[PDB]
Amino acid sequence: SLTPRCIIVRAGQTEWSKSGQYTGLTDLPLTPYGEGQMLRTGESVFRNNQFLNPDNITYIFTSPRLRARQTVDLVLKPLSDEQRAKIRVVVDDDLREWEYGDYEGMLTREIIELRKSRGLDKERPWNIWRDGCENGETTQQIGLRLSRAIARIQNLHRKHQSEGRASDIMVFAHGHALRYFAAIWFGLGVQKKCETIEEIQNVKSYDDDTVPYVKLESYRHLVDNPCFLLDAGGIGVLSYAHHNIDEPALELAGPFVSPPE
């Protein structure tokens, strides 16, 4: 039975994403162009190309942000009611974007100028993946919460493979969160034992009894840029080598596969 996959999908275009402004918590909608964009994406992957087979989708995880949720609706439009009824949708707060704090709605170069004026970054340039954001999340905070979601997804994958089913699980989220998610999925960054109060607690970030909570002994986080590109409405694919959930791997073809004979 087909190796399980995690399909990452970045929210479609917003007014801020279009112009490079850091959109974290701000609950922006898709632009009219972004709606069209995500509609076309859904048609490409389901109808025109069959890069995804609905019969194989088991779970869709989404950030609680409007633009992620809108992206789920538009991308899944090509499905029949029957196909939809068999797919479970779960809103997971662990998949929200990096909390930018003071940097919300700013540009990269504005962030650099703001920090320089606070007297930081004297020895080396700011690097979100190492430093986090003043009044927002550190890298260990985002790494921790994405690890918990990854553990939940990989646990469903293992449960499904052992029930003899295919399992594509979709994750709709954001540009930083998803690059980060992909990075640790396949082993980037460092391993950190769960020890502090923050690191151990059940957070209760989603509400859906069919998704077992997995309590982490340890987690991964980044200390440097993993150097990924993922555009607004871009799609990436995470899976496993040799049908083995213990060998998570990055699919270099993203969602592309050669057309069947």
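Note that residue numbering begins at 1 and tracks the sequence as displayed.
Relative to one another, 117 to 125 and 85 to 93 have unequal mean CA B-factors, and 117 to 125 is the one with the higher figure. Looking at mean Cα B-factors across 190 to 198 and 230 to 238, the upper value is held by 190 to 198. Per-chain ranking of the deposited C-alpha B factor places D102 in the lowest third. Remark: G164 belongs to the highest third of its chain, ranked by C-alpha B-factor as recorded.
Among all modelled residues in this chain, the alpha-carbon of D73 has a temperature factor (C-alpha) in the highest third. Compared with the other modelled residues of the chain, the Cα B-factor recorded for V223 ranks in the middle third. When the modelled residues of the chain are ordered by C-alpha B-factor, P29 sits in the lowest third.
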